[PDB]
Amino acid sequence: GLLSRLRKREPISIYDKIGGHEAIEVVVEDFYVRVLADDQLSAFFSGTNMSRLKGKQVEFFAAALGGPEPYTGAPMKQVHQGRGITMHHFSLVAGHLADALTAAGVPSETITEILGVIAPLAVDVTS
């Protein structure tokens, strides 16, 4: 945990500073509510088991932000390639993530830092 990490003089991760696994679960749950309510995005997920997805996204996001949990999903490029996702869509999705983080009380400077980790993924994500 964070306590063990500090005893080792390791710098505090994003994961840790926004409240760890519990914080990410809440964010991700709110994130997909948003994404699915956006008529510009919802159809991409028409064939999706959202429980399973949200489960994989919690793992992905935790690991991306420094958490110790394994990501058990498929690679980003493979999953998204072929889906006709443009930068327009990716940006919309990013906005809902920022919104969810905002809603959970994450400081805006930290949300910017998180967007900094996620933005480069668009390379793998967009058509």
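For every residue, the number given is its place in the sequence shown, counted from 1.
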property	result
Higher-scoring stretch by recorded Cα B factor average, 94-102 or 68-76	68-76
Modelled-residue ranking by C-alpha temperature factor, third containing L3	middle
Ranked C-alpha temperature factor of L41 among modelled chain residues, by third	highest
CA B-factor placement of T110, once the chain's modelled residues are sorted into thirds	lowest
For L121, the third of its chain into which the C-alpha B factor falls	lowest
Among modelled residues of the same chain, the CA temperature factor third for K54	highest
